[PDB]
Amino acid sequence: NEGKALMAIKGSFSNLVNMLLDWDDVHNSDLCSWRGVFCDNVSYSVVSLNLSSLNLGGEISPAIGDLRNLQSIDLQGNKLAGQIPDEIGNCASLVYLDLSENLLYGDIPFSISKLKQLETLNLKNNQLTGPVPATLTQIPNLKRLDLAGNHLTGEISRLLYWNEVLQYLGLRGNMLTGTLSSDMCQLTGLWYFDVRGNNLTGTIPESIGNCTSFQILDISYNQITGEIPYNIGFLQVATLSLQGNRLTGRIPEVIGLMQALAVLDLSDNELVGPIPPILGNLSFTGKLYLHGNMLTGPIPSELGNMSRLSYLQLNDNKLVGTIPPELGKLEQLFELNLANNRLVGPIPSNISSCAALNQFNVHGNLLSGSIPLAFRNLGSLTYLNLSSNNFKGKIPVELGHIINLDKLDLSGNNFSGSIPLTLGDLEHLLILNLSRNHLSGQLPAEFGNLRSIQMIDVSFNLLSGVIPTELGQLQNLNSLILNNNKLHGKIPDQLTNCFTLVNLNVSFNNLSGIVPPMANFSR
């Protein structure tokens, strides 16, 4: 009899051939062997149905309610459309319902409130519309509510927050309006609060300090205005994501007392004022994201006292003054991004102490001086952007021994002297841009050993000589931008052997001859 229900369930899966060949009523008669059907060994009744990621494509049959003993349903990853049937509320013993990663739509059914044993309601990543209904506050022992990635509208009723049992509250990426309620502090057993990416307005409640059980608080990418209340200082969260709203005022110095922070994201707001130096008391914080505000003042040297910081992004603010040598202390810094401020002075040499640094971006400042040679000690560097500053001197030869550089951008400075041949040793380099400098001497033929290179731009220097034959070897090069130097000679014909080359620029040199018939003008 339960097999009749299972046959209707199969009869509404669209694209299926050899998928549930197990479900063969001609002769595969013990349905407790069928693919994804699990029975308990006492009653021999269907208790668990798992069909995850088989991509069956149809609908959920109402006959799902004919298996009353079902304790678990997992139909995730099946591109199922249609509505969630009401008869789903007839599985009175259901503990776990995962309908995520499908194309279901319409509202969350009312009958879901009939499932008093339910612990996990997982409907993430579908197309469900409608309210987050109040009936889900009549599921006494519900623990995980994942509704993220649907098109839920309406506000968040403060009734939702009167729940001692709820653990995970995931509402990310819906279209929920309204504010955040003070009653939010009644979720006393919850560790995960996530409303990122809705259309929530209003302020941060000043009573938020009462939510001391939160490990993760995400209210990012809404339109929340106001300031960051002092009582933010009482949370025991590891991750505080406030990025992407309209928060104004200064960063509250009480954030300096939140030593449990693992990840602090205040980025892309309208925060003004200085970076509080007390933030260096975050001796344990691994992430600090203040980029995209209007923070002024200097980089606090106290940021060197955050012993465990791995990702520092202070770019796109109004910061002044010097880059602190103190950042030489941050032994775990993987990524430093100070782009687009008003920093002056030279790169401190002690920055070569950051032995594990992967990305150094200081584009768009007023930095000065020369590339400190101690930089050779940064053998982890993948990405170096000093572009759009006022750097002087010769490109350090040692820059060539930074083995795993793949993006090297020094463009828009006053680099003089000659291209160091050691750059040709960067076998992983993908982009080399040295444009808008005062580089002289000749175009190194050792660029012929830039095997990965995709883009070489040395336009707007004083490069003399011929274009080396050796670039004809570069098999992944798609842009050779050499305009506005004083190159001379004929364009070598081996640039025929540049298959992927699709963008060349040699205008405004003193080249001569006819353009070789190695003309791959695909763009």
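All residue numbers refer to positions in the sequence shown, first residue = 1.
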Open item on the list: Highest mean C-alpha temperature factor of the two stretches 200 to 208 and 424 to 432, which is it?
Closed with: 424 to 432
Task: Between 259 to 267 and 390 to 398 (mean CA B-factor, as deposited), the higher - done: 390 to 398
Open item on the list: For the CA B factor values reported in this entry, which option in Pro444, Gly249, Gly130, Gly233 has the top one?
Closed with: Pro444
TODO: Using the temperature factors in the entry, find which of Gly345, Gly412, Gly448, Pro140 has the highest value at its Cα atom.
DONE: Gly448
Open item on the list: Where does the C-alpha B-factor of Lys124 rank in its chain, lowest, middle or highest third?
Closed with: lowest
Task: Where the record places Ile60 (Cα B-factor, split into thirds across the chain) - done: lowest
Task: Assigned third (lowest, middle, highest) for the C-alpha B factor of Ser512 - done: highest
- [ ] Please place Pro372 in the lowest, middle or highest third of its chain by C-alpha B factor as given in the entry.
- [x] highest
Open item on the list: Split into thirds by Cα B-factor across the chain's modelled residues, where does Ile73 land: lowest, middle or highest?
Closed with: middle
